[PDB]
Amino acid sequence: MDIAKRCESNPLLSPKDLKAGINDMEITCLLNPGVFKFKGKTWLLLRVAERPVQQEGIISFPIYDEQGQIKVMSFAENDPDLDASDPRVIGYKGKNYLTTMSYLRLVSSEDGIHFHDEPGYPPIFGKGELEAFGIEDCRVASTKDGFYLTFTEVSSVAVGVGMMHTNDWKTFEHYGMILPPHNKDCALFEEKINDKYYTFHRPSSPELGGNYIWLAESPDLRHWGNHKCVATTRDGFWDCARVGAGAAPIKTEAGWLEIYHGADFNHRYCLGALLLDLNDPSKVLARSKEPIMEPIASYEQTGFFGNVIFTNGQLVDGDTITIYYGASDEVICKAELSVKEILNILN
């Protein structure tokens, strides 16, 4: 029931298309880019995942140590104290680790299809205790007061949400961890409502709850409260295991239109649509029963972690939504959707 016009050039960016940004590492994954416009170009703020060349029978990966220095961790695949069933997150002696380190990297484009690094625009790397395992999946809020980045901060003590601000994409201010663990999928709204700031977010409950889309509000972007549960998973549907907002919602006359991701217990991620009241964004007006984009293309089906569509950045020009997205947690893609057709599906 897929209604997305894929870019014929997909994929736009694969790991081999770029030079590694961490010393002695290679690029495993390009995914989940933020999206904005600046100095006449379309930009992606890529999630770039890197690790050492893998040796037979050894999982090895970078973290930052206490002095901020890359350090390589190694575990034997047959070590009985190792749980490596999932390629993204492992356990060893009761503690969790990632198989890669991620950072944020700017690429630019004149055509919105061929992308390249930009001299003077170096990448954004984890800093501090709370970003020791990297930063990920950055949403970019294009606003009157500039650009606001909301991304996953990962470390041995938390998956949480950080926020940064920039005017020129060279200088940044860090607002710290705005949402504690375990939380991600933080889609900041690009405008105020009732002179208040709003964001979607996505706390995960070990028990007594799940992985649902929530709402919070803020006077100042640094401090958040009045949390509300917007939309849960749906038992026995494609979005039965988790849901999360992608990019900021689009202002329409029907309401706030959010292209959200959902996944089942096999970790197959699809896109869906959510519509929310203009003045109370916690009120669900409508929700696509079926996905509006499933992982159908071949580059969407096999990779580092397969059967995954994921967008946390987009552009809107009239009726035409241009989403950029990660495919199989490996490569960058572009596709187009129609507001009118989405709203039509919701009635």
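Note that residue numbering follows the sequence shown and begins at 1.
Trainee: Of 248 to 256 and 192 to 200, which one has the bigger average CA B-factor?
Mentor: Higher of the two, by average CA B-factor, is 248 to 256.
Trainee: Can you tell me which stretch has the higher mean Cα B-factor, 299 to 307 or 59 to 67?
Mentor: Stretch with the higher mean C-alpha B-factor: 299 to 307.
Trainee: Quiz for you: based on the deposited Cα B-factor, which of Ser108, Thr150, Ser218, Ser155 is highest?
Mentor: Answer, based on the entry's C-alpha B-factors: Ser108.
Trainee: Kindly indicate the residue among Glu207, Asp185, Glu118, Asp79 with the greatest C-alpha B-factor in the PDB record.
Mentor: When the deposited C-alpha B-factors of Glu207, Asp185, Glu118, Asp79 are compared, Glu118 is largest.
Trainee: Looking at the entry's B-factor column for C-alpha atoms only, identify whether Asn266 ranks in the lowest, middle or highest third of its chain.
Mentor: Highest third of the chain for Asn266's C-alpha B-factor.
Trainee: Just say lowest, middle or highest third for the CA B-factor of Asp137 relative to the other modelled residues in its chain.
Mentor: Within its chain, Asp137 is a lowest-third residue by C-alpha B-factor, going by the deposited values.
Trainee: Taking the chain's C-alpha temperature factors as the reference, tell me which third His114 falls into: lowest, middle or highest.
Mentor: Its C-alpha B-factor, which the entry lists for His114, ranks in the highest third among residues of this chain.
Trainee: Within this chain, which third does the Cα B-factor at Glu131 fall in: lowest, middle or highest?
Mentor: Bottom third by C-alpha B-factor.
Trainee: Classify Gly91 as lowest, middle or highest third according to the C-alpha B-factor given in the PDB entry, relative to its own chain.
Mentor: It falls in the bottom third of the chain.
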